[PDB]
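> Compact mmCIF, C-alpha atoms and all ligand atoms, saved as entry13.txt, coming up:
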```txt
# COMPACT_ATOMS: atom_id res chain seq x y z
CA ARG A 1 12.94 2.15 -9.13
CA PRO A 2 9.38 3.59 -9.76
CA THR A 3 7.03 2.33 -12.49
CA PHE A 4 6.27 4.74 -15.33
CA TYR A 5 3.43 5.48 -17.71
CA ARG A 6 3.55 7.26 -21.07
CA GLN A 7 1.08 9.80 -22.50
CA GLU A 8 0.58 12.45 -25.23
CA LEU A 9 0.39 15.84 -23.50
CA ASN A 10 0.36 17.35 -25.99
CA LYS A 11 2.44 16.41 -29.04
CA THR A 12 4.94 16.04 -26.18
CA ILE A 13 5.36 12.53 -24.78
CA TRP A 14 5.31 12.49 -20.96
CA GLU A 15 6.89 9.61 -19.07
CA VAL A 16 6.27 10.00 -15.28
CA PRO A 17 6.21 7.61 -12.25
CA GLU A 18 2.73 6.33 -11.27
CA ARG A 19 2.90 8.47 -8.10
CA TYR A 20 1.89 11.44 -10.30
CA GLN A 21 -1.60 11.34 -11.73
CA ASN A 22 -4.13 13.37 -13.68
CA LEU A 23 -1.55 15.43 -15.55
CA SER A 24 -2.96 18.54 -17.22
CA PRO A 25 -1.11 21.31 -19.18
CA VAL A 26 -0.59 24.54 -17.19
CA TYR A 27 7.61 27.99 -18.30
CA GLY A 28 8.19 25.45 -21.10
CA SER A 29 6.02 22.35 -20.58
CA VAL A 30 4.43 22.16 -17.16
CA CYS A 31 1.60 19.96 -16.03
CA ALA A 32 -0.39 20.30 -12.87
CA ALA A 33 -0.41 16.80 -11.29
CA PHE A 34 -1.77 14.93 -8.29
CA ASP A 35 1.09 13.67 -6.14
CA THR A 36 -0.45 10.55 -4.66
CA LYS A 37 2.41 10.12 -2.19
CA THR A 38 1.70 13.31 -0.24
CA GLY A 39 -1.88 13.95 -1.40
CA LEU A 40 -0.73 17.28 -2.76
CA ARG A 41 -1.04 19.04 -6.11
CA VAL A 42 2.31 19.61 -7.88
CA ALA A 43 3.88 21.31 -10.89
CA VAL A 44 5.81 18.83 -13.00
CA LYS A 45 8.11 20.53 -15.49
CA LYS A 46 9.55 18.66 -18.45
CA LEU A 47 12.62 20.39 -19.88
CA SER A 48 12.75 20.66 -23.66
CA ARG A 49 16.02 19.53 -25.21
CA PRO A 50 17.96 19.79 -21.98
CA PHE A 51 21.30 18.68 -23.55
CA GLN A 52 21.00 19.97 -27.10
CA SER A 53 24.04 22.21 -26.78
CA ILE A 54 26.78 23.17 -24.36
CA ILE A 55 24.83 26.26 -23.27
CA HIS A 56 21.54 24.26 -22.89
CA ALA A 57 23.42 21.56 -20.98
CA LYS A 58 25.12 24.03 -18.60
CA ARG A 59 21.71 25.71 -18.16
CA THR A 60 20.05 22.42 -17.23
CA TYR A 61 22.80 21.52 -14.62
CA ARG A 62 22.70 25.08 -13.21
CA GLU A 63 18.90 24.92 -12.69
CA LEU A 64 19.08 21.45 -11.12
CA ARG A 65 21.97 22.45 -8.84
CA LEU A 66 20.07 25.57 -7.68
CA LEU A 67 16.67 23.94 -7.11
CA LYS A 68 18.36 21.15 -5.05
CA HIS A 69 20.01 23.73 -2.81
CA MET A 70 16.93 25.87 -2.18
CA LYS A 71 15.50 24.93 1.20
CA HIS A 72 13.53 27.92 2.48
CA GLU A 73 9.87 28.71 3.11
CA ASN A 74 9.91 31.82 0.90
CA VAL A 75 11.80 30.19 -1.96
CA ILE A 76 10.68 27.55 -4.57
CA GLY A 77 11.80 24.05 -3.65
CA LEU A 78 12.39 20.74 -5.43
CA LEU A 79 9.87 18.09 -4.37
CA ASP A 80 11.26 15.49 -6.80
CA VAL A 81 13.53 15.14 -9.82
CA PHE A 82 13.09 12.17 -12.20
CA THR A 83 14.15 10.74 -15.62
CA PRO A 84 12.67 7.69 -17.39
CA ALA A 85 16.30 6.73 -18.22
CA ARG A 86 17.82 3.62 -16.68
CA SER A 87 21.42 4.34 -17.62
CA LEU A 88 23.58 7.42 -18.31
CA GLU A 89 23.46 6.03 -21.83
CA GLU A 90 19.70 6.36 -22.31
CA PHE A 91 19.60 9.69 -20.29
CA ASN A 92 17.80 12.36 -22.32
CA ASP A 93 14.92 13.84 -20.27
CA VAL A 94 14.80 15.58 -16.91
CA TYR A 95 11.56 16.32 -15.07
CA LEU A 96 11.31 18.75 -12.15
CA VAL A 97 8.64 18.34 -9.44
CA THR A 98 7.80 21.59 -7.74
CA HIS A 99 4.76 22.76 -5.70
CA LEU A 100 2.05 24.16 -7.94
CA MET A 101 1.94 28.03 -8.25
CA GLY A 102 -1.65 29.16 -8.73
CA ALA A 103 -1.50 32.93 -8.63
CA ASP A 104 1.52 35.17 -8.92
CA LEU A 105 1.81 38.56 -7.24
CA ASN A 106 0.07 40.35 -10.20
CA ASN A 107 -2.85 37.91 -10.20
CA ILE A 108 -3.13 38.65 -6.46
CA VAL A 109 -3.42 42.42 -6.95
CA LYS A 110 -5.64 42.11 -10.05
CA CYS A 111 -8.00 40.28 -7.72
CA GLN A 112 -8.13 42.66 -4.74
CA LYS A 113 -6.93 45.89 -3.14
CA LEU A 114 -4.10 45.71 -0.68
CA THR A 115 -3.93 46.90 2.85
CA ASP A 116 -0.70 48.32 4.24
CA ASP A 117 -0.57 45.11 6.28
CA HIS A 118 -0.61 43.12 3.04
CA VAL A 119 2.29 45.19 1.60
CA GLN A 120 4.13 44.62 4.90
CA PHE A 121 3.61 40.84 4.81
CA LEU A 122 4.30 40.45 1.06
CA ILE A 123 7.52 42.52 1.09
CA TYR A 124 8.59 40.95 4.42
CA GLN A 125 8.48 37.54 2.79
CA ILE A 126 10.30 38.61 -0.41
CA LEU A 127 13.14 40.03 1.74
CA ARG A 128 13.32 36.99 3.98
CA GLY A 129 13.61 34.66 0.91
CA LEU A 130 16.13 37.04 -0.69
CA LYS A 131 18.20 37.11 2.51
CA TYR A 132 18.51 33.36 2.14
CA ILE A 133 19.35 33.50 -1.61
CA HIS A 134 21.89 36.26 -1.29
CA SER A 135 23.69 34.35 1.48
CA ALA A 136 24.33 31.48 -0.94
CA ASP A 137 26.13 34.05 -3.12
CA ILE A 138 23.20 33.88 -5.61
CA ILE A 139 21.76 36.92 -7.33
CA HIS A 140 18.21 36.57 -8.69
CA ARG A 141 18.51 39.44 -11.26
CA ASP A 142 14.95 39.11 -12.54
CA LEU A 143 12.71 39.86 -9.60
CA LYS A 144 9.29 41.03 -10.68
CA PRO A 145 5.63 40.22 -9.74
CA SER A 146 5.41 37.39 -12.29
CA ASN A 147 8.31 35.63 -10.49
CA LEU A 148 6.57 35.52 -7.10
CA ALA A 149 4.03 32.90 -6.19
CA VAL A 150 1.40 33.88 -3.62
CA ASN A 151 -1.20 31.48 -2.15
CA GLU A 152 -4.72 32.07 -0.77
CA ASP A 153 -3.10 32.73 2.57
CA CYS A 154 -0.96 35.48 0.92
CA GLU A 155 2.15 33.30 1.76
CA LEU A 156 4.84 33.93 -0.86
CA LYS A 157 7.74 32.24 -2.67
CA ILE A 158 10.46 33.44 -4.93
CA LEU A 159 11.01 31.60 -8.17
CA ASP A 160 12.32 32.35 -11.63
CA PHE A 161 10.52 31.33 -14.80
CA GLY A 162 12.22 32.87 -17.93
CA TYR A 163 2.22 41.97 -17.87
CA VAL A 164 5.16 41.97 -17.30
CA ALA A 165 8.44 43.45 -18.57
CA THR A 166 11.64 42.63 -16.71
CA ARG A 167 13.03 46.12 -17.44
CA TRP A 168 10.47 47.93 -15.29
CA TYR A 169 12.13 46.35 -12.25
CA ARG A 170 15.73 46.45 -13.45
CA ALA A 171 18.36 48.32 -11.53
CA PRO A 172 19.73 51.20 -13.66
CA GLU A 173 23.29 49.67 -13.66
CA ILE A 174 21.97 46.67 -15.57
CA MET A 175 20.41 48.54 -18.46
CA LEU A 176 23.62 50.33 -19.21
CA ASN A 177 26.26 47.58 -19.33
CA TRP A 178 28.24 46.41 -16.34
CA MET A 179 29.05 43.53 -15.36
CA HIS A 180 30.17 43.86 -11.74
CA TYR A 181 26.62 43.44 -10.47
CA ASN A 182 26.32 43.40 -6.72
CA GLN A 183 23.42 41.66 -4.92
CA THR A 184 21.40 44.87 -4.31
CA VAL A 185 20.30 44.90 -7.93
CA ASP A 186 17.66 42.65 -6.36
CA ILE A 187 16.77 45.21 -3.65
CA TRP A 188 16.06 47.78 -6.45
CA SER A 189 13.53 45.35 -7.92
CA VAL A 190 11.93 44.82 -4.51
CA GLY A 191 11.80 48.65 -4.19
CA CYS A 192 10.04 48.76 -7.53
CA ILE A 193 7.54 46.02 -6.55
CA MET A 194 6.88 47.58 -3.10
CA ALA A 195 6.07 51.02 -4.57
CA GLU A 196 3.72 49.32 -7.07
CA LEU A 197 1.89 47.45 -4.27
CA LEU A 198 1.43 50.79 -2.46
CA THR A 199 0.51 52.82 -5.47
CA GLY A 200 -1.43 50.32 -7.57
CA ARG A 201 0.78 51.41 -10.48
CA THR A 202 4.07 50.45 -12.20
CA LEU A 203 6.75 52.71 -10.71
CA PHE A 204 8.88 52.97 -13.91
CA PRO A 205 6.77 51.76 -16.87
CA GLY A 206 9.54 52.40 -19.45
CA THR A 207 8.79 51.72 -23.12
CA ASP A 208 12.38 50.51 -23.59
CA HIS A 209 15.80 50.72 -21.88
CA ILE A 210 16.27 54.45 -22.73
CA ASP A 211 12.79 55.63 -21.68
CA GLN A 212 13.27 53.37 -18.65
CA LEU A 213 16.36 55.15 -17.48
CA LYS A 214 14.67 58.50 -18.13
CA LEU A 215 11.89 57.53 -15.73
CA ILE A 216 14.36 56.31 -13.11
CA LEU A 217 16.30 59.62 -13.17
CA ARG A 218 13.26 61.85 -12.50
CA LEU A 219 12.59 60.27 -9.12
CA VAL A 220 16.01 59.63 -7.70
CA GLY A 221 17.89 62.42 -9.52
CA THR A 222 20.89 62.34 -11.83
CA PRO A 223 23.95 60.98 -10.04
CA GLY A 224 26.07 63.31 -7.95
CA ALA A 225 29.86 63.57 -8.16
CA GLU A 226 30.47 60.92 -5.46
CA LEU A 227 28.69 58.33 -7.65
CA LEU A 228 30.22 59.80 -10.81
CA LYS A 229 33.63 58.96 -9.24
CA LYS A 230 32.77 55.24 -9.47
CA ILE A 231 31.75 55.15 -13.13
CA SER A 232 34.52 53.59 -15.23
CA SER A 233 33.29 53.84 -18.83
CA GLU A 234 33.92 57.07 -20.75
CA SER A 235 30.30 57.04 -22.00
CA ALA A 236 28.68 55.53 -19.77
CA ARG A 237 29.69 58.94 -18.31
CA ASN A 238 28.76 60.97 -21.45
CA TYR A 239 25.12 59.92 -21.01
CA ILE A 240 24.65 60.70 -17.34
CA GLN A 241 26.52 64.01 -17.32
CA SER A 242 25.25 64.75 -20.84
CA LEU A 243 21.73 64.64 -19.41
CA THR A 244 20.41 67.79 -17.64
CA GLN A 245 20.78 67.65 -13.83
CA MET A 246 17.69 66.39 -11.98
CA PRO A 247 16.78 66.95 -8.31
CA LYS A 248 16.09 63.86 -6.20
CA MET A 249 12.33 64.12 -5.61
CA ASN A 250 10.68 64.10 -2.18
CA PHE A 251 9.47 60.52 -1.72
CA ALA A 252 6.89 61.62 0.87
CA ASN A 253 5.31 63.75 -1.92
CA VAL A 254 5.52 60.98 -4.55
CA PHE A 255 4.15 58.28 -2.30
CA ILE A 256 0.97 60.04 -1.32
CA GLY A 257 -0.32 59.12 2.08
CA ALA A 258 1.28 55.66 2.07
CA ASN A 259 2.66 54.68 5.45
CA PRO A 260 5.62 57.05 6.19
CA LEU A 261 7.76 54.01 7.25
CA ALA A 262 7.17 52.42 3.85
CA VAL A 263 8.21 55.68 2.36
CA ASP A 264 11.42 55.61 4.46
CA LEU A 265 12.29 52.03 3.43
CA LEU A 266 11.57 52.81 -0.29
CA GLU A 267 14.03 55.77 -0.14
CA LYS A 268 16.65 53.38 1.27
CA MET A 269 16.03 50.79 -1.50
CA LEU A 270 15.74 52.91 -4.58
CA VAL A 271 19.17 54.55 -4.24
CA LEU A 272 20.86 55.14 -7.63
CA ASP A 273 24.17 54.18 -5.98
CA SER A 274 24.15 50.38 -5.59
CA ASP A 275 26.67 50.72 -2.76
CA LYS A 276 24.33 52.78 -0.57
CA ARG A 277 21.36 50.45 -1.09
CA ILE A 278 19.98 48.76 1.97
CA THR A 279 20.56 45.01 1.88
CA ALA A 280 17.91 42.29 2.49
CA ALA A 281 19.18 41.45 6.01
CA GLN A 282 19.12 45.18 6.85
CA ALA A 283 15.65 45.74 5.32
CA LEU A 284 14.18 43.00 7.55
CA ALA A 285 15.14 44.95 10.70
CA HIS A 286 13.37 48.08 9.33
CA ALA A 287 10.47 49.54 11.39
CA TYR A 288 8.01 48.82 8.58
CA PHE A 289 8.42 45.13 9.37
CA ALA A 290 8.00 45.46 13.15
CA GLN A 291 4.92 43.23 13.10
CA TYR A 292 6.63 40.38 11.24
CA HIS A 293 10.35 40.58 11.94
CA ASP A 294 11.91 37.87 14.02
CA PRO A 295 15.80 37.90 14.04
CA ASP A 296 15.75 34.21 14.95
CA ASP A 297 13.47 32.95 12.15
CA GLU A 298 15.24 34.61 9.20
CA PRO A 299 17.61 31.73 8.22
CA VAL A 300 20.61 31.75 5.87
CA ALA A 301 21.60 29.13 3.30
CA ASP A 302 24.12 26.33 3.50
CA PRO A 303 27.33 27.07 1.51
CA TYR A 304 26.70 26.84 -2.23
CA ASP A 305 29.26 25.63 -4.73
CA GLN A 306 29.02 27.49 -8.00
CA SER A 307 32.62 26.98 -9.21
CA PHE A 308 31.03 25.08 -12.15
CA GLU A 309 30.15 28.48 -13.49
CA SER A 310 33.79 29.08 -14.50
CA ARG A 311 34.05 25.73 -16.28
CA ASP A 312 33.76 25.28 -20.01
CA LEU A 313 32.83 21.66 -20.54
CA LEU A 314 31.43 19.31 -23.22
CA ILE A 315 27.74 18.40 -23.63
CA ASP A 316 28.36 14.83 -22.39
CA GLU A 317 30.17 16.15 -19.29
CA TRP A 318 27.42 18.65 -18.35
CA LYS A 319 24.98 15.84 -19.05
CA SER A 320 26.84 13.23 -16.87
CA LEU A 321 27.02 15.76 -14.02
CA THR A 322 23.25 16.41 -14.33
CA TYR A 323 22.72 12.61 -14.26
CA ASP A 324 24.71 12.39 -11.02
CA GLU A 325 22.64 15.20 -9.50
CA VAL A 326 19.48 13.31 -10.48
CA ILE A 327 20.78 10.08 -8.85
CA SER A 328 21.98 11.81 -5.63
CA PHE A 329 18.61 13.51 -5.02
CA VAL A 330 17.27 12.96 -1.50
CA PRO A 331 13.54 13.54 -1.34
CA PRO A 332 12.50 16.00 1.42
CA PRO A 333 10.26 15.11 4.42
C1 LIG B 401 0.97 28.19 -13.17
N1 LIG B 401 1.84 27.04 -12.96
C2 LIG B 401 3.08 26.99 -13.51
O1 LIG B 401 3.30 27.34 -14.67
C3 LIG B 401 4.22 26.56 -12.63
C4 LIG B 401 5.47 26.20 -13.13
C5 LIG B 401 6.47 25.88 -12.21
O2 LIG B 401 7.69 25.48 -12.64
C6 LIG B 401 8.94 25.95 -12.31
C7 LIG B 401 9.93 24.99 -12.14
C8 LIG B 401 11.22 25.39 -11.85
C9 LIG B 401 11.55 26.74 -11.70
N2 LIG B 401 12.85 27.04 -11.41
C10 LIG B 401 13.21 28.15 -10.79
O3 LIG B 401 12.40 28.84 -10.17
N3 LIG B 401 14.51 28.47 -10.91
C11 LIG B 401 15.20 29.40 -10.22
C12 LIG B 401 16.34 29.92 -10.82
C13 LIG B 401 17.13 30.87 -10.20
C14 LIG B 401 16.80 31.33 -8.95
CL1 LIG B 401 17.84 32.53 -8.13
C15 LIG B 401 15.61 30.76 -8.26
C16 LIG B 401 15.25 31.21 -6.86
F1 LIG B 401 15.10 32.49 -6.77
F2 LIG B 401 14.19 30.63 -6.43
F3 LIG B 401 16.19 30.92 -6.01
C17 LIG B 401 14.85 29.80 -8.93
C18 LIG B 401 10.54 27.72 -11.87
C19 LIG B 401 9.23 27.33 -12.17
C20 LIG B 401 6.24 25.90 -10.85
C21 LIG B 401 4.98 26.28 -10.39
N4 LIG B 401 4.02 26.60 -11.29
```
Written as structure tokens, how would this file's structure read?

Amino acid sequence: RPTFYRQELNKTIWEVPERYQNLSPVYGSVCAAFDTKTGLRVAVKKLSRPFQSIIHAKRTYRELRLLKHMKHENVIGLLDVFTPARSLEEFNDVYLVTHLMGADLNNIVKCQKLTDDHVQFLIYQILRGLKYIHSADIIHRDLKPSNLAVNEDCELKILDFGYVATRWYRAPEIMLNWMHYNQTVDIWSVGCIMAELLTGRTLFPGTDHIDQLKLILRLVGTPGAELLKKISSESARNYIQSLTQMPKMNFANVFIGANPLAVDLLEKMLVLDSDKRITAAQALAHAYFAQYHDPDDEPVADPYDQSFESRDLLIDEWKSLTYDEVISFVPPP
């Protein structure tokens, strides 16, 4: 067992192993830190009140379970997970050790203008990380530029914190009510991000969920009868058919002189019918990614157990299960 040191950072008390040094404030309580074991700079996240309720406790276990499973170059990873607690009995705090994100995707644009090669590389990497995530039966559901970390080498990872409104990137099926989300809600978001990288502008800068859906309809059209077949709710249907028919615009016209192959892929991503949306594994083999695509270096995830999601449990049970997950952590190479 490591040896800890306490400090006030700030009005919060931080208890971390000596391995982590020079903590400075940077989610909900993150310090940048020097990881003296690897020589690297890390994000250390201290969770506030992880076990305060059943919902908080489930949330905490869910995040720990997910971070521990994520083992991909284009996806956030868990460098370490620690508690000062010695026993289940004194177990109250959970700290997450992640690589430090400097700039997100927006910070990267609001620095410099992007080549078509940059869009290719950036969107390649989002899709390759998403391929991995989707294959674990996980759906991100909040993909947007603030959830994507990009280094000085323009290398990218997917994360989720919890600009930059989530709605601008939301699939239309989410802003009505579903549920019965499929994975390609995440492809819509990617579509929305990719257009914005090309255009330098928010594709659907809705003022709210209504104005949002108005903007979406202009570009892609109002649904046709084959999509209207699949809509269950009575209205639901008395909004879409109660709104004047719109033609599906010509993407080539809307997307300027962007690369015509980026215009093709966009078309295939921003389909109003979630069933006809290109998947991540399909998007990787698109001609826009010819310079980056390698069928043999686009890995999938190990099987991922999320049966816990159907369980309603007590705070102490969620908390014990988180404690196990903390104890069974195997630090990566
Ligand atoms: C400017 N510096 C910082 O503020 C800072 C804070 C950091 O802390 C973080 C610590 C943990 C997480 N947890 C996730 O990301 N959770 C996640 C949930 C669902 C899903 Cl689906 C995924 C996914 F997609 F990856 F798989 C990831 C996010 C950020 C890291 C780096 N930098």
> Do you know which residues are within 9 Å of ligand LIG 401 (chain B) using all atoms listed in the file? Can you write them as a count of residues only?
53
> To one decimal place in Å, what is the distance between CA of residue 259 (chain A) and CA of residue 151 (chain A)?
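A separation of 24.7 Å between them.
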> Between CA of residue 168 (chain A) and CA of residue 220 (chain A), what is the spacing in Å?
15.0 Å
> Let me make sure I understand: among A:308, A:121, A:61, A:181, which one has the smallest atom-to-atom distance to residue 284 (chain A) if we use only C-alpha atoms?
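Nearest to residue 284 (chain A): A:121.
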> Between A:202, A:330, A:234, A:193, which is the closest to residue 270 (chain A) once you count only C-alpha atoms?
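Under the stated criterion, the closest residue is A:193.
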> Could you tell me which of A:196, A:8, A:93, A:73 comes closest to residue 298 (chain A) if we count only C-alpha atoms?
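Closest candidate: A:73.
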> For residue 313 (chain A), which of A:33, A:55, A:326, A:164 is the closest residue, counting only C-alpha atoms?
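The shortest atom-to-atom distance to residue 313 (chain A) comes from A:55.
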> Take region 286-306 of chain A, model N, CA and C atoms, and hand the result over as a PDB file, in the coordinates of the input.

```pdb
ATOM      1  N   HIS A 286      13.955  46.739   9.477  1.00  0.00           N
ATOM      2  CA  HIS A 286      13.370  48.080   9.330  1.00  0.00           C
ATOM      3  C   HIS A 286      11.992  48.121  10.043  1.00  0.00           C
ATOM      4  N   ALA A 287      11.656  49.318  10.553  1.00  0.00           N
ATOM      5  CA  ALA A 287      10.470  49.540  11.390  1.00  0.00           C
ATOM      6  C   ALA A 287       9.157  49.225  10.685  1.00  0.00           C
ATOM      7  N   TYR A 288       9.155  49.263   9.349  1.00  0.00           N
ATOM      8  CA  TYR A 288       8.010  48.820   8.580  1.00  0.00           C
ATOM      9  C   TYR A 288       7.669  47.342   8.758  1.00  0.00           C
ATOM     10  N   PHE A 289       8.630  46.567   9.236  1.00  0.00           N
ATOM     11  CA  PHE A 289       8.420  45.130   9.370  1.00  0.00           C
ATOM     12  C   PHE A 289       8.324  44.699  10.830  1.00  0.00           C
ATOM     13  N   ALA A 290       8.041  45.682  11.699  1.00  0.00           N
ATOM     14  CA  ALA A 290       8.000  45.460  13.150  1.00  0.00           C
ATOM     15  C   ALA A 290       7.021  44.368  13.562  1.00  0.00           C
ATOM     16  N   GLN A 291       5.935  44.233  12.802  1.00  0.00           N
ATOM     17  CA  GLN A 291       4.920  43.230  13.100  1.00  0.00           C
ATOM     18  C   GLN A 291       5.298  41.808  12.689  1.00  0.00           C
ATOM     19  N   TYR A 292       6.313  41.679  11.834  1.00  0.00           N
ATOM     20  CA  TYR A 292       6.630  40.380  11.240  1.00  0.00           C
ATOM     21  C   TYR A 292       8.044  39.899  11.521  1.00  0.00           C
ATOM     22  N   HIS A 293       8.926  40.844  11.803  1.00  0.00           N
ATOM     23  CA  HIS A 293      10.350  40.580  11.940  1.00  0.00           C
ATOM     24  C   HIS A 293      10.585  39.713  13.151  1.00  0.00           C
ATOM     25  N   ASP A 294      11.358  38.653  12.949  1.00  0.00           N
ATOM     26  CA  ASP A 294      11.910  37.870  14.020  1.00  0.00           C
ATOM     27  C   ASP A 294      13.351  37.463  13.657  1.00  0.00           C
ATOM     28  N   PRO A 295      14.354  38.114  14.287  1.00  0.00           N
ATOM     29  CA  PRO A 295      15.800  37.900  14.040  1.00  0.00           C
ATOM     30  C   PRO A 295      16.240  36.449  14.101  1.00  0.00           C
ATOM     31  N   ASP A 296      15.420  35.618  14.746  1.00  0.00           N
ATOM     32  CA  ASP A 296      15.750  34.210  14.950  1.00  0.00           C
ATOM     33  C   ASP A 296      14.988  33.225  14.037  1.00  0.00           C
ATOM     34  N   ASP A 297      14.194  33.761  13.121  1.00  0.00           N
ATOM     35  CA  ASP A 297      13.470  32.950  12.150  1.00  0.00           C
ATOM     36  C   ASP A 297      13.606  33.642  10.780  1.00  0.00           C
ATOM     37  N   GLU A 298      14.836  34.049  10.497  1.00  0.00           N
ATOM     38  CA  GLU A 298      15.240  34.610   9.200  1.00  0.00           C
ATOM     39  C   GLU A 298      16.552  33.897   8.776  1.00  0.00           C
ATOM     40  N   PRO A 299      16.433  32.589   8.460  1.00  0.00           N
ATOM     41  CA  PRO A 299      17.610  31.730   8.220  1.00  0.00           C
ATOM     42  C   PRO A 299      18.411  32.038   6.950  1.00  0.00           C
ATOM     43  N   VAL A 300      19.691  31.661   6.999  1.00  0.00           N
ATOM     44  CA  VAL A 300      20.610  31.750   5.870  1.00  0.00           C
ATOM     45  C   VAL A 300      20.844  30.352   5.252  1.00  0.00           C
ATOM     46  N   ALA A 301      21.396  30.347   4.039  1.00  0.00           N
ATOM     47  CA  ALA A 301      21.600  29.130   3.300  1.00  0.00           C
ATOM     48  C   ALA A 301      22.918  28.445   3.653  1.00  0.00           C
ATOM     49  N   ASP A 302      22.899  27.117   3.565  1.00  0.00           N
ATOM     50  CA  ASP A 302      24.120  26.330   3.500  1.00  0.00           C
ATOM     51  C   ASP A 302      25.027  26.854   2.407  1.00  0.00           C
ATOM     52  N   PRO A 303      26.366  26.671   2.561  1.00  0.00           N
ATOM     53  CA  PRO A 303      27.330  27.070   1.510  1.00  0.00           C
ATOM     54  C   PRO A 303      26.968  26.514   0.139  1.00  0.00           C
ATOM     55  N   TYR A 304      27.162  27.298  -0.912  1.00  0.00           N
ATOM     56  CA  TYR A 304      26.700  26.840  -2.230  1.00  0.00           C
ATOM     57  C   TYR A 304      27.792  26.877  -3.270  1.00  0.00           C
ATOM     58  N   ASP A 305      28.116  25.731  -3.820  1.00  0.00           N
ATOM     59  CA  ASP A 305      29.260  25.630  -4.730  1.00  0.00           C
ATOM     60  C   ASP A 305      28.854  26.019  -6.149  1.00  0.00           C
ATOM     61  N   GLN A 306      29.254  27.193  -6.604  1.00  0.00           N
ATOM     62  CA  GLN A 306      29.020  27.490  -8.000  1.00  0.00           C
ATOM     63  C   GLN A 306      30.318  27.713  -8.817  1.00  0.00           C
TER      64      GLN A 306
END
```
